[PDB]
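Heads up, the sequence shown is in the entry's author numbering, so the first residue is 1 and it goes up one at a time.
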Amino acid sequence: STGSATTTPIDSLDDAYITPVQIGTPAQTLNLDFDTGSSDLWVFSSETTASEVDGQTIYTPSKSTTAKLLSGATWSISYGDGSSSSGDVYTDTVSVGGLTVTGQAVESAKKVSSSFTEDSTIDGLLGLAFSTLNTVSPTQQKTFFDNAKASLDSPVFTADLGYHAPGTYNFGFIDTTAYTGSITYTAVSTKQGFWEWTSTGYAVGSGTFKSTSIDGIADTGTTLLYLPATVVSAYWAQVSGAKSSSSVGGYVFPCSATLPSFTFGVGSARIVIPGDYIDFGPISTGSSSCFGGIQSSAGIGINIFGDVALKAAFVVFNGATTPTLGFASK
Ligand SMILES: Nc1ccc(F)cn1
Numbered sequence: 001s002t003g004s005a006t007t008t009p010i011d012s013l014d015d016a017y018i019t020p021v022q023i024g025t026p027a028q029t030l031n032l033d034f035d036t037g038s039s040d041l042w043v044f045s046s047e048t049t050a051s052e053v054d055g056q057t058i059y060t061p062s063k064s065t066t067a068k069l070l071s072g073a074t075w076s077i078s079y080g081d082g083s084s085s086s087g088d089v090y091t092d093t094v095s096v097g098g099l100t101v102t103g104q105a106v107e108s109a110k111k112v113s114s115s116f117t118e119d120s121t122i123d124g125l126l127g128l129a130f131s132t133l134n135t136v137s138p139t140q141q142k143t144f145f146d147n148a149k150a151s152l153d154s155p156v157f158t159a160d161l162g163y164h165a166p167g168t169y170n171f172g173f174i175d176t177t178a179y180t181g182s183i184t185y186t187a188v189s190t191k192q193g194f195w196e197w198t199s200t201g202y203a204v205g206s207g208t209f210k211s212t213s214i215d216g217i218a219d220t221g222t223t224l225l226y227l228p229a230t231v232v233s234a235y236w237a238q239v240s241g242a243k244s245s246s247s248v249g250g251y252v253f254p255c256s257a258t259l260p261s262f263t264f265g266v267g268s269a270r271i272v273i274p275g276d277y278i279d280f281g282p283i284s285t286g287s288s289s290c291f292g293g294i295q296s297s298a299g300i301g302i303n304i305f306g307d308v309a310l311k312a313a314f315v316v317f318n319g320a321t322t323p324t325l326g327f328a329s330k
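And the structure:
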């Protein structure tokens, strides 16, 4: 079995990507945020507090002939940005681009935090990290990828995110036409439940490459690139007028400046992120200060290779017995 689906940016800044998912019988299509930094499949539903729903498409388990309430099961999640959601759990049929999983745990949101209610284009999340992170109590549940793995031609999924344009999420196969050159594979550590790997270094613009180990996670659910203070300072020192702002909460730069590119190492291979991908536009409408896409991970505790880095490459998440990450230039 294989599955193929288009992922579309939610706004002109590429803040998040939505992918249509079919849930239940007859199918109810919801636009979900595919997140490799979490492991819960949760949706806005007929059970979510009415005041916390503003334009999202909801899942209605009562209208699904295949929906089963998982008796006594509850879930509760908290993300790195201080956002959260919780509720009860159902089992139902879930399909992504023609790939079907029966008996998938679908977490029905009863309470969602403000950042979710405010984001009317996102109907929920589809976690693609390892299942040890799933928050279903008292019986932990498997992710969509874990449930589909037996049926897949190859136990892999690929992320090919577009820059201001649509992209693709493929399951069960590698599209040899979606990248150039060869794929460089790197080791994954699953100890924290994430797709965790080690970058071999970096370069700023046309500068010399610095060989230094950078441990971080491949996260499609995070918009920006979060790197150690030293690395981030070295990058913004090359942008005239750039400074770190406590009021804004990170590095800002004059909107009229040209941003240098950022290179990260994958083994002996290099991935170049064009400077244009690092521009996140004005901090406020009309402002001449622009927000940077490369920020410090000092307050996070973990380095995150978010959408800013991933959209610059073809990314293979090899979920074989010993997991690996593949990167290729596109
Ligand atoms: N990995 C993440 C980070 C934030 C969020 F809202 C969802 N997923």
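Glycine residues also receive a C-beta, built at the ideal position from the N, C-alpha and C atoms.
Sixteen is the threshold: since fewer than 16 other Cβ atoms of the shown chains lie within 10 Å of the Cβ of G207, the residue is exposed. In this model, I217 and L125 are separated by some 18 Å (Cα to Cα). Not one heavy atom of ligand 1 is found less than 6 Å from the C-beta of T184.
DSSP lists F253, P282 as the bridge partner or partners of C290. The alpha-carbon separation between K311 and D88 amounts to approximately 34 Å.
In this structure, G37 has its beta carbon less than 6 Å from a heavy atom of ligand 1. Taking the Cβ of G306 as the reference point, every heavy atom of ligand 1 lies at 6 Å or farther away.
For the stretch 171–225, the continuous beta strand (DSSP E) assignments of 3+ residues that do not extend past its boundaries occur at 184–187, 196–204, 210–218, in sequence order. In this model, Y169 and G80 are separated by some 24 Å (Cα to Cα).
No heavy atom of ligand 1 is found nearer than 6 Å to the CB of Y90. Of the other Cβ atoms in all chains shown, 16 or more fall within 10 Å of the Cβ of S296; this residue is therefore buried. Comparing alpha-carbon positions, the option among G241, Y185, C255 lying closest to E196 turns out to be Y185. Below 8 Å, enough C-beta pairs join the stretch 319–326 and the stretch 174–193 to call them touching: three or more. Judged by DSSP in its simplified three-state form, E107 adopts strand.
Around the CB of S256, fewer than 16 other CB atoms lie within 10 Å, so the residue is classed as exposed.
The beta carbon of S78 sits closer than 6 Å to the beta carbons of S84 from its chain, once the five residues preceding and following it are set aside; these are given in chain order. Scanning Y17, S95, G82, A73 for the CA closest to the CA of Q28 turns up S95. Assigned with DSSP and collapsed to three states, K330 falls in coil, not helix or strand.
Taking a 10 Å sphere around the C-beta of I300, we find fewer than 16 other C-beta atoms and assign the residue as exposed.
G249 has its Cβ no nearer than 6 Å to any heavy atom of ligand 1. Taking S46 as reference, the option from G37, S38, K63 with the minimal CA-CA separation is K63.
In this structure, the C-beta of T222 approaches ligand 1 to less than 6 Å from one of its heavy atoms. 7 Å or more divides the Cβ of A178 from the Cβ of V315. Taking one beta carbon from each stretch, the stretch 51–70 and the stretch 144–161 have fewer than 3 pairs nearer than 8 Å; the two do not touch.
Separation of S261 and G97 (C-alpha to C-alpha, rounded to the nearest whole angstrom) is 34 Å.
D276 counts as exposed, since fewer than 16 other beta carbons sit within 10 angstroms of its beta carbon.
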